[PDB]
Number of protein chains: 2
Amino acid sequence: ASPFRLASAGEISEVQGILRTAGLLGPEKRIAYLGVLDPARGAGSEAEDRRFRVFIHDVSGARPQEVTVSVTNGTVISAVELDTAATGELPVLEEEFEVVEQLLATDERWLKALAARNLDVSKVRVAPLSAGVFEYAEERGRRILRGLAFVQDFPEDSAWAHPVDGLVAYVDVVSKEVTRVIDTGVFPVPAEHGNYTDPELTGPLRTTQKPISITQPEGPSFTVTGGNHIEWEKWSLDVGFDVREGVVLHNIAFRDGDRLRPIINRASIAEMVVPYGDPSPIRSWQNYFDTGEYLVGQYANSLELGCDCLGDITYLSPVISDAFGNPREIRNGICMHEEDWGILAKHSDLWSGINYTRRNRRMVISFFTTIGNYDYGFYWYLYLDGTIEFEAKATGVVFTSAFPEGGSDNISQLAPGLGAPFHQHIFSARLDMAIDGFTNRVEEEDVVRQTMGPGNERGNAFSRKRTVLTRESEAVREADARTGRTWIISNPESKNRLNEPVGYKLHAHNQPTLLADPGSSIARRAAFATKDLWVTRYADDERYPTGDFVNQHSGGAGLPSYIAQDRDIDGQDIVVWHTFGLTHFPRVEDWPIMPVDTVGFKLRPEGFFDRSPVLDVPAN
Amino acid sequence: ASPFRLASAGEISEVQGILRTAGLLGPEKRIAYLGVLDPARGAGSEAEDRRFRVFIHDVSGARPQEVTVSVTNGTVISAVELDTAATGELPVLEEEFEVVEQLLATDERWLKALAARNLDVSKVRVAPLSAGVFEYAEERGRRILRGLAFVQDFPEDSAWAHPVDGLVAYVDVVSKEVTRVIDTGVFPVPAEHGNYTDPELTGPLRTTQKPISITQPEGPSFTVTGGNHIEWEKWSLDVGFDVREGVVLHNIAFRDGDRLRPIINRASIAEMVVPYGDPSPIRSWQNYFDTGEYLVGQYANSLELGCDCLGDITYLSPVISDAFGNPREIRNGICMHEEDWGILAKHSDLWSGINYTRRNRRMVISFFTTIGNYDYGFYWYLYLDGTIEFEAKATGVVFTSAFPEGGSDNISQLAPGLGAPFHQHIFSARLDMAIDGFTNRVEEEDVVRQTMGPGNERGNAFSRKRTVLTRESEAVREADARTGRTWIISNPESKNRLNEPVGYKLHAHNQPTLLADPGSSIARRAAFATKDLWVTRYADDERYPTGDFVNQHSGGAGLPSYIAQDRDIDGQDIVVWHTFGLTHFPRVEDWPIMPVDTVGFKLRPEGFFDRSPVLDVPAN
Ligand SMILES: [Cu+2]
Ligand SMILES: [Cu+2]
Ligand code: NA
Ligand code: NA
């Protein structure tokens, strides 16, 4: 069996047993993260050894532990106690979400704040939000969540339409104490509902949409073997799933004639941060690390046939661990299908008389996650012509506030009295490259303009330049859309038939990066998001751009510390980290439920093949 | 009934009869352009007066004429004799292209150049290309084409694989004279063939692609009335066709409740320039104005069901004039269909228990044109959520040269001895805006970064600023991807329910603009291409960014001359001109036939609606 196969329910049950017998999984213990470890570097790695990494939380207040288990041999490999004031707290537990609202419901200060606003405590929902690191010295070493309140007029009401501004509370979820309740003043609670299924708001549903039927009468063109190995139109890869990162792609390769040629060893979205740009003290701390703090894989949706995924769909149902080590299946959590993608190539030639048209198609691997008010779709696309593309789709309900009388420079008005603070959604793609093998390098390619004069007498010439990034200290790069800047990952030891190194070109969308002040807490904790491109030398413990323990970590972990080793990256085993994001000034059309907006990146072959790789596509 | 209906064969025959009766279309005359004029401003106006504009060429060398005729009344409205050395030559005629190869085949200088290369003149194809304006004083006032040679080994051979470098000739196509033959030296003719249907090159065709079937059992959701009026999912528009511009969209409007709200009065691609960046004297003059010089609508393909357009397709077959005034139908030249477009909106709410998913779709209007080696697809998209998007798809065969022995800074190597010069493909979209009516203004929106300090103590705030463009002299704008720059077209006299002006936001791709030296001939003739955004006050005669007569015209017309009027554009009838393009450094994978690459722009509502406009979309 493949070492890259999905974790099975049986594997997770064995991890639980091993931890139990070792004395590491008592009634006070909770599993905050569990995932399978990738095989170590080894082109001849023979014996099967499936190992799992576990973060163990203690609800009584004892120190948490990081444990590595071998399910193959049934042993604990290492177990380290963690000093969370130094290295960061563990990810937020699903069961800690409920605790915030219930603790506040009995706090005298919370109740007095609600009574001043004539709000029934039974109708006040509390969003439990990650705390970050700011000025409160008493929070160092404690698990803190912060809570913001929303009113639910009835059980099916959309609470996001009724933010309770001017009020925030901080809670220690281990000792179960409310540390602070801050009331900065009374704002009216917006009264309009935002119930997008209420006929009063939708009006009569349209009757004009006729069905679109997409079928594959002979079944799909791809095959799935060993549970998660995909072969499709010369592509070969393994579809993994991790509770923190979500869908992970392994061993992406392309069959060029008789040879299977590697392209990407591992592709994932290794972090995503949602920083808010409202300076009100009610929200100026608000930054979601959806991947690092919340774990986007554990909130993956079950995707419905004909609604979420349309066509001839093949599903995967990944298995994760719950907080006690029991396996939990995410039924239909991953959709896979191919779809038509228009014209691939076309030419009508006057001189030869030949008319030629071929159609394109793409393989789609997707999942959707829901973190509170937000819903995100993650889509990986493989195209016939060798292009690889990632797309994030952002939808859900925007996070709301009051709209202040007299307006705001940092908040959009969506409805009478209802605001939506400005924010960004910034992703980090971790691309462990393997262009024809592991000896790779990155070049930055800029367009070069030339001045009219000798050798360019008509002033028409233009050119390009490539700069090799040779060391990590010079491999932190910024976009430059005006000069057409792209980055090429090549293998200097593998040449095409023209004797040039084979390569792939990364095309970014060139959206703005992190806008916060460079001195801010979020700029230190999300340093990856301040630059478009980072290149590191591969190391097996350098997994996330924000470090292993993001929750309440003081800053600098991850990419800034990796880069500081200043390692050789010129013709080496390297990892590309690409930052890309959406800057969201909410519009009235985003309310009461937001239409999808998108961002992504793509990689295209650049002299990887000896000619077009789609000459053998049939005419249809 | 509709004044925006497509021209009919009868109208074109009637124009021919009117011109003949008036003495303007004798046997020495040729129609170089014929198109219907849009109604003048005034909702109602002329009851029905269909007017046509005609450019009449004279093959005996007499001066050409611009003529306006009323087909309704059977009259010539105006006829002006043109001074082409001043205002520009007429577009190239299809019959002039054939002249070039035939004239050169009997020229002693051409024959000696081919004899020096051991080439058989019967196998040498000549690409006839527009001449531009350079240093040759004898070309002023004459219709010139320039020829580059390619060898065709046999009648079905792709001649583009065999460029004859070092050789170019200039031809007067009216007096039938070869003016100059320039031979800068013998280059080897690349010998490899580029025949992408030859099994020796394709290999065995794939048997792995299973069919994808897209059908609409109840027919499409849009209706077509009056030949070219579309209603689809609250959108309303008319699809026009012009032999110069191709597909033109008129009267784009959205039905919001019981109000039909205008958005765009007229949308077209009003110019497209393809400048080459090779400083060799054999090619340094090479710039295609596909729209203005060649007329892209004239070369539209007939699109094949199931190959070019897949699904439940509705076709339009526009009628154009040939060079004698006879109607010519372009059968199946426009495809229209709706497409599934994934998730529209999605949210699973923990507090209400409601799970909500809706799917998106788009309406597609497309045509394809072939100009020599290149093929371009023009796609207009309408989405459920009010988004409008344009996409250009570039494919075909790249233009080739020899690859010099010691390499090149301006040419890519594609195959042994075979080069492809660097070039760009740059488009100008002309958007005659009508956001809720004709009183519009444009604002430039930049993100604003804020420094940590008083009122921003945690350094997290960020904002935006909008700058109104009030006069034409300040409305020539550049992109700035780093600051997230976009442009908003709003109506200051039409407010949404929050008392804010309704608007649409233009999102650019922020690709490089024209790279040539600003002193060059092409920078003067294609001045529009040097900036991303221009805004003018509407005027009936300001139709193209390059002026009416582009062929062999120096600078002095087009957008720089319009802008000098410095007209008020703050709440007025305005036109937005957006430049966007691809910079093409050809790759090996582009050879021997290029996979599609794309570029475009989109417009999204920005407080145009009072809430999401897709709340009434059904589940299905
Ligand atoms: Cu957002
Ligand atoms: Cu090109
Ligand atoms: Na690597
Ligand atoms: Na206008």
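Quick reminder, even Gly has a Cβ in these numbers, built from the backbone with ideal geometry, and neighbours come from all protein chains shown. We did not get these values from a lab; they are worked out from the coordinates using the rules stated.
Table for the structure above
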| item | result |
| --- | --- |
| Residue list for region B:420-436, restricted to those being in a strand (DSSP E or B) and within 16 Å of ligand 2 (Cβ to nearest atom) | B:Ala420, B:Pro421, B:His423, B:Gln424, B:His425, B:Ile426, B:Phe427 |
| Residues that are in contact (Cβ under 8 Å) with a residue 24 or more places away in the chain, out of contact with any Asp or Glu (no Cβ under 8 Å at 6 or more places or on another chain) and at the interface with chain B (Cβ under 7 Å from one of its Cβ atoms), drawn from region A:340-355 | A:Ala345 |
| Residues satisfying the stated conditions in region A:552-594, i.e. within 25 Å of A:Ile264 (Cβ to Cβ), buried (at least 22 other Cβ atoms within 10 Å of the Cβ), within 16 Å of ligand 1 (Cβ to nearest atom) and not small (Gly, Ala, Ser) | A:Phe580 |
| Some residue of region A:326-333 being facing another protein chain (nearest Cβ under 8 Å), more than 30 Å from B:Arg449 (Cβ to Cβ) and either without any contact (Cβ under 8 Å) to a residue 60 or more places away in the chain or buried (at least 20 other Cβ atoms within 10 Å of the Cβ) (or both) | no |
| Matching residues in region A:46-79 - criterion: being of a type in the set (D, E, K, R), over 16 Å from A:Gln16 (Cβ atoms) and touching a helix residue (DSSP H, G or I) at 6+ places or on another chain (Cβ under 9 Å) | A:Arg63 |
| Region A:474-492 residues that are more than 13 Å from chain B (Cβ to nearest Cβ), paired with ones that are among the hydroxyl-bearing types (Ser, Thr, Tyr) (beta carbon under 6 Å, 6 or more apart) | A:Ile489/A:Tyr504; A:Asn491/A:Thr439 |
| Strands (runs of 3 or more DSSP E) (entirely within region A:21-89) containing at least 1 residues that are of a type in the set (S, T, N, Q) | A:65-70, A:75-81 |
| Checking A:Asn440 against (1) more than 16 Å from ligand 3 (Cβ to nearest atom); (2) more than 22 Å from the chain's Cα centre (by Cα), the condition it does not meet | (1) |
| Residues (within 16 Å of ligand 1 (Cβ to nearest atom) and closer than 23 Å to A:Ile343 by Cα) located in region B:328-361 | B:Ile343 |
| Unmet criterion (only one of (1) touching a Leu at 6+ places or on another chain (Cβ under 6 Å); (2) of a type outside the set (A, V, I, L, M); (3) within 14 Å of another protein chain (Cβ to nearest Cβ)) for B:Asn228 | (3) |
| All positions within region A:437-469 that are among the hydroxyl-bearing types (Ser, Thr, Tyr) and either within 16 Å of ligand 2 (Cβ to nearest atom) or crowded, with 16+ Cβ neighbours inside 10 Å (or both) | A:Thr439, A:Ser463 |
| Pairs where the first residue, in region B:536-547, is farther than 12 Å from B:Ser428 by Cα and the second is basic (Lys, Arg) and not in a strand (DSSP E or B), C-beta under 8 Å, 6+ apart | B:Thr536/B:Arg567; B:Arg537/B:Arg567; B:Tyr538/B:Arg41; B:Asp540/B:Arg41 |
| Number of the condition not met by A:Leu506 [criteria: (1) more than 8 Å from chain B (Cβ to nearest Cβ); (2) surrounded by fewer than 19 Cβ atoms within 10 Å (Cβ to Cβ); (3) within 21 Å of B:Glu589 (Cα to Cα)] | (2) |
| Hey, A:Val364 within 16 Å of ligand 1 (Cβ to nearest atom), under 21 Å from the mean Cα position of the chain (by Cα) and over 30 Å from B:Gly607 (Cβ atoms) or not | no |
| Top-ranked residue in region A:1-33 [being crowded, with 20+ Cβ neighbours inside 10 Å and among the small types (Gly, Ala, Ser); ranked as farthest from the chain's Cα centre (by Cα)] | A:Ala7 |
| Test for A:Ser412: is it within 16 Å of ligand 1 (Cβ to nearest atom), within 14 Å of chain B (Cβ to nearest Cβ), small (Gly, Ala, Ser) and part of a strand (DSSP E or B) | yes |
| Strands (runs of 3 or more DSSP E) completely within region A:514-620 that count 1 or more residues being within 7 Å of another protein chain (Cβ to nearest Cβ) and at negative phi | A:574-584, A:594-605 |
| Only listed residue being surrounded by fewer than 20 Cβ atoms within 10 Å (Cβ to Cβ), in contact with a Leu (Cβ under 7 Å, 6 or more places away or on another chain), at the interface with chain B (Cβ under 9 Å from one of its Cβ atoms) and farther than 18 Å from A:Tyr383 by Cβ, chosen from A:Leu201, A:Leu205 | A:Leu201 |
| Pairs where the first residue, in region B:179-207, is without any contact (Cβ under 8 Å) to a residue 24 or more places away in the chain and the second is aliphatic (A, V, I, L, M), C-beta under 8 Å, 6+ apart | B:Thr197/A:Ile354; B:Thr202/A:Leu615; B:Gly203/A:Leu615; B:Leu205/A:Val617; B:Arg206/A:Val617 |
| Test: residue in region B:356-371 that is more than 16 Å from ligand 2 (Cβ to nearest atom), touching a helix residue (DSSP H, G or I) at 6+ places or on another chain (Cβ under 9 Å) and farther than 14 Å from B:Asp308 by Cα | no |
| Residue, farthest from ligand 2 (Cβ to nearest atom), within region A:384-402, restricted to residues that are within 9 Å of chain B (Cβ to nearest Cβ) and not β-branched (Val, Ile, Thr) | A:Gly396 |
| Tabulated pairs, region A:554-570, first touching a residue at least 12 places away in the same chain (Cβ under 8 Å), second acidic (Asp, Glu), C-beta under 7 angstrom, 6+ apart or interchain | A:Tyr562/A:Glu542; A:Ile563/A:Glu472; A:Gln565/A:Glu472; A:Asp566/A:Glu472; A:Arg567/A:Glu472; A:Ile569/A:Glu472 |
| Residue within region B:422-435 that is away from ligand 3 (no atom under 16 Å from the Cβ) and surrounded by fewer than 17 Cβ atoms within 10 Å (Cβ to Cβ) present | no |
| Which listed residue, of A:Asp258, A:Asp238, A:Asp242, A:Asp278, is free of Cβ contacts under 8 Å to residues at least 24 places away in the same chain and of a type in the set (D, E, K, R) | A:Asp258 |
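Let's see how each residue does on (1) more than 30 Å from A:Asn456 (Cα to Cα); (2) within 25 Å of the chain's Cα centre (by Cα); (3) buried (at least 22 other Cβ atoms within 10 Å of the Cβ):
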position	(1), (2), (3)
B:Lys234	yes, no, no
B:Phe241	yes, yes, yes
B:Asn251	yes, yes, no
B:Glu293	no, yes, yes
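A quick yes/no check of all residues on (1) closer than 28 Å to B:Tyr538 by Cβ; (2) touching a residue at least 12 places away in the same chain (Cβ under 8 Å); (3) in contact with a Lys or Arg (Cβ under 9 Å, 6 or more places away or on another chain):
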{"residue": "B:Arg5", "(1), (2), (3)": "yes, yes, yes"}
{"residue": "B:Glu28", "(1), (2), (3)": "no, yes, no"}
{"residue": "B:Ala32", "(1), (2), (3)": "yes, yes, no"}
{"residue": "B:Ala43", "(1), (2), (3)": "yes, no, no"}
{"residue": "B:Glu48", "(1), (2), (3)": "yes, yes, no"}
{"residue": "B:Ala79", "(1), (2), (3)": "yes, yes, no"}
